Structure formats: C-alpha cells, structure tokens
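Letter by letter, the first sequence follows residues 137 to 364, 384 to 397, 410 to 494 in the UniProt record's numbering.
Even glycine gets a Cβ: it sits at the ideal position worked out from N, Cα and C.
The block underneath contains the structure these notes are about, expressed in structure tokens.
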Amino acid sequence: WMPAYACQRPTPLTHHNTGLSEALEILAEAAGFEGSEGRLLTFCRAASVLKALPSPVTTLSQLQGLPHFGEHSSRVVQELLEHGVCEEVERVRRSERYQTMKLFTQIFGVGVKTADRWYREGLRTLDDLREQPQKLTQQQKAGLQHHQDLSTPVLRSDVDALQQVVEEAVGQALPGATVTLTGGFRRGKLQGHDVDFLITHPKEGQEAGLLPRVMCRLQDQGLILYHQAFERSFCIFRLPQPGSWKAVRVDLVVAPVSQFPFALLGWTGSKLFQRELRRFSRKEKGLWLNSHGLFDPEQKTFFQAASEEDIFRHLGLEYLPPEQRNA
DNA sequence: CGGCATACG
DNA sequence: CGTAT
DNA sequence: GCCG
Ligand SMILES: [Mn+2]
Ligand SMILES: [Mn+2]
Ligand SMILES: [Mn+2]
Ligand SMILES: [Mn+2]
Ligand SMILES: [Mn+2]
Ligand SMILES: [Mn+2]
Ligand code: NA
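Spelled out as structure tokens, the structure:
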C-alpha cells in the first residue's frame, strides 16, 4: 500500500498528520546535531510516510506495515496518541544542547561541526559569538549581522519582486537568458527561508560565464548585502520593504539547457525527496542521478532529458508535480 | 550486517 | 569547513 | 533507526 521510497508516492504540502510528523522531525533534527545521519534519515522518512497518508493516524494498529516505523518511531506515535505529548521529544525540545545547536546551525555560515565545537567551548548565545568576532569567517559575520532578518519568513509577495529584479540583471548579462523559480516556493509553499532561482539560456553554451556577470550587475545596483568562475551563488539580497528594507537569502544557479531538467528537479526538492530519488535511482535502477544528469554506469552513457517528465519515465516512476514532492 | 544523495564554493 | 535541494 |  505504502511504497518504501518517498519518490514513489505523492506527498502534499499540507496533510493529515501534522503533529505526529513534527514530533518525529524533532528527533531527526536532534540526531543530526549528534552526527547520527542514519537515525536522522529514518526519523525523516518515518515523518514523511505520515505526510503521505490519506487521513489521520488515530490508533497504533494503523502503523502496521508502514515502511520505516519500527519500535522507536512507533513508540513516539503511541505516546502522542495516548497523552498528546512524547516525553523523549519534550526532553529534546527543552535541552540546552538542542536549543543551542539549533540556534547556532541556523546561522548562515555555521554547520553542525562548527556549532558543536562552539557548544563544547561553552558558547551559548548569539552575543557570545559577537563578543569574539576574530574567530568568525566573513560568511559567518554576514550571517550573524543579518540573523534577525534571515529568521523572518520570506513571503510569496517578496518572491515576485525579487524575481523581477533578478531577471533585469540577467537580461543585461545575457539577452535571452531565463529565470525559473525553484525550491520550496515552486512546491507551493507560501513562505520560506530563502528564494531559489535557476538560470539558463536556450542556446547550449551561451550560459558559460554568466553568473559572474549577473552578480556584478546586481552588486552595481546596490542589491547585494553579501556574496562570495562559478555556477552557484549563495547571496543575501537587500529587499525593499515599506519605508525600509530587509535582508533575504537568495540562491542563484546556472545550468546549460541540456542539464536544465536535472537542475530544476534537484533544486525543486524537497531535500528528502531528492535524497530518496537518488537512492532509488542507484539502488533500484542502477543509475546515478545528480543535478547535472543521469548516468548509466554499464553503458557509460548519460540520459538526455528534455523535461522532468522524461526523468521520472527514465527511472520507471509515476510523474509527481512539484506540489507532490513535499517529502 | 552495510548503507544511508550528491553535488559546488 | 561552508553551501544547496 | 530502520530496510533488505
Ligand atoms: Mn502511556
Ligand atoms: Mn529554498
Ligand atoms: Mn536556497
Ligand atoms: Mn557544473
Ligand atoms: Mn550496522
Ligand atoms: Mn533548504
Ligand atoms: Na547554518
């Protein structure tokens, strides 16, 4: 009834088991803060299974036969169904370790390994980090300075204005080049932490050298608060606001049109969806998938794709629109 | 038990 | 090390 | 933590 891989089932943005999935995702996040990628993955997958169910789970027996539910995830759900709360989840929520690793890793430029080291050094607050700025990278200094704005959700309204701005600079850098909205907003989210754009050009090869030209023009318009040949740019944009402005994270990515379907697929996510899709491709089909292409290692050939639909067909999967990739 | 996605900056 | 989905 |  329920396939094992998230890429084999539709997952809508909103669903019927929100509280249960959020609890399991707390445990997934905490596992990640402790370097347990395997446990993170299982809890993520179990959470996603519930997102894909057609109705609420009300009794423990409804978990029987569901992939990725074993003793641990089942007990989490059991406690939530019986008591409305899971003691393990609540203990994580209020732990100093969890709250601080969450606070630190949310900083642009800070990963788990950096946050862990800072935690072991006794640091606990953002002001603790501001006191010793000589230990910060330029990227972390930017992430810390802009942290408050970057913690404010980006609205769909913000996205349209940013897209117009990016297209203006893209059109000057290379007439005919296109801008596609990707990431969470393409999956139908109404808010997000950042905005993701994919840029290409209909004439293979014309996109070479494009991203530096785009960035130079955005920077000349005074719109870049922070950025690093290249094909991915992780920026902080100055977004106009009523009588002011706010910092917003924007990712710009360039791909040649031959690779565009693969890059669109990868950059549209979700993160779990893409990991599961790549896992499925390799383990079930013997094909190697990334945001550049799909490789047959036996024939030593790349699949040509003209669309996302092509890629799902190549992999023997029913097509899923972006709004059903919210694994 | 081994595996857990796969890149770029 | 960071970043991305 | 769970699957095959
Ligand atoms: Mn009980
Ligand atoms: Mn995004
Ligand atoms: Mn992004
Ligand atoms: Mn490339
Ligand atoms: Mn093992
Ligand atoms: Mn993201
Ligand atoms: Na971070």
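Distance, Cα to Cα, residue i vs residue j?
| i | j | result |
| --- | --- | --- |
| residue 232 | residue 328 | 26 Å |
| residue 229 | residue 155 | 14 Å |
| residue 323 | residue 299 | 16 Å |
| residue 448 | residue 461 | 9 Å |
| residue 170 | residue 339 | 46 Å |
| residue 273 | residue 247 | 12 Å |
| residue 301 | residue 454 | 38 Å |
| residue 236 | residue 353 | 38 Å |
| residue 394 | residue 426 | 30 Å |
| residue 223 | residue 215 | 8 Å |
| residue 290 | residue 415 | 7 Å |
| residue 445 | residue 457 | 7 Å |
| residue 213 | residue 196 | 7 Å |
| residue 241 | residue 251 | 6 Å |
| residue 270 | residue 364 | 19 Å |
| residue 429 | residue 151 | 27 Å |
| residue 412 | residue 357 | 15 Å |
| residue 280 | residue 287 | 11 Å |
| residue 182 | residue 198 | 13 Å |
| residue 180 | residue 160 | 7 Å |
| residue 451 | residue 143 | 12 Å |
| residue 470 | residue 275 | 37 Å |
| residue 153 | residue 459 | 35 Å |
| residue 257 | residue 264 | 11 Å |
| residue 285 | residue 396 | 12 Å |
| residue 326 | residue 355 | 28 Å |
| residue 260 | residue 234 | 11 Å |
| residue 221 | residue 255 | 28 Å |
So, at 8 Å on beta carbons, what are the nonlocal neighbours of residue i in its own chain, with the 5 sequence-adjacent residues on each side left out?
| i | result |
| --- | --- |
| residue 321 | 292, 295, 328, 331 and 332 |
| residue 312 | 337, 338, 339 and 342 |
| residue 419 | 302, 333, 335, 347, 350, 351, 387, 388 and 390 |
| residue 238 | 165 and 169 |
| residue 278 | 244, 245, 361, 362 and 391 |
| residue 201 | 137 and 138 |
| residue 173 | 167 |
Starting from the C-beta of residue i, find all residues in its chain whose C-beta is less than 6 Å away, skip the five residues before and the five after it, and write them out in chain order.
| i | result |
| --- | --- |
| residue 318 | 332, 334, 434 and 435 |
| residue 316 | 334 |
| residue 188 | 145 and 147 |
| residue 167 | 175 and 176 |
| residue 149 | 324 and 493 |
| residue 476 | 486 |
| residue 359 | 392 and 393 |
| residue 423 | 340 and 343 |
| residue 186 | 153, 156 and 157 |
| residue 225 | 159 and 162 |
DSSP has residue i in a bridge; who is on the other side?
| i | result |
| --- | --- |
| residue 291 | 327 |
| residue 362 | 391 |
| residue 414 | 393 |
| residue 252 | Residue 252 is not bridged to any residue. |
| residue 336 | 314 |
| residue 385 | Note: residue 385 sits in no beta bridge, so no partner. |
| residue 469 | 462 |
| residue 419 | 333 and 388 |
| residue 456 | 461 |
| residue 492 | 147 |
Please classify residue i as buried or exposed, where buried requires at least 16 neighbouring CB atoms within 10 angstroms.
| i | result |
| --- | --- |
| residue 306 | buried |
| residue 440 | buried |
| residue 344 | exposed |
| residue 473 | exposed |
| residue 387 | exposed |
| residue 138 | exposed |
| residue 443 | buried |
| residue 464 | exposed |
| residue 489 | buried |
| residue 178 | buried |
| residue 205 | buried |
| residue 309 | buried |
| residue 157 | buried |
| residue 191 | exposed |
| residue 193 | buried |
Give every residue of the same chain whose Cβ lies closer than 7 Å to the Cβ of residue i, excluding the five residues on either side of it in the sequence, and list them in chain order.
| i | result |
| --- | --- |
| residue 431 | 316, 318, 334 and 475 |
| residue 283 | 243 and 262 |
| residue 480 | none |
| residue 184 | 142, 147, 439 and 494 |
- [ ] Any chance you could list the residues with Cβ under 7 Å from a heavy atom of ligand 3, keeping chain order?
- [x] 319, 330, 332, 416 and 418
TODO: Report all residues for which the CB-ligand distance to some heavy atom of ligand 1 is below 7 Å; order them along the chain.
DONE: 215, 218 and 219
Task: Residues with C-beta closer than 7 Å to any heavy atom of ligand 4, in chain order - done: 386 and 459
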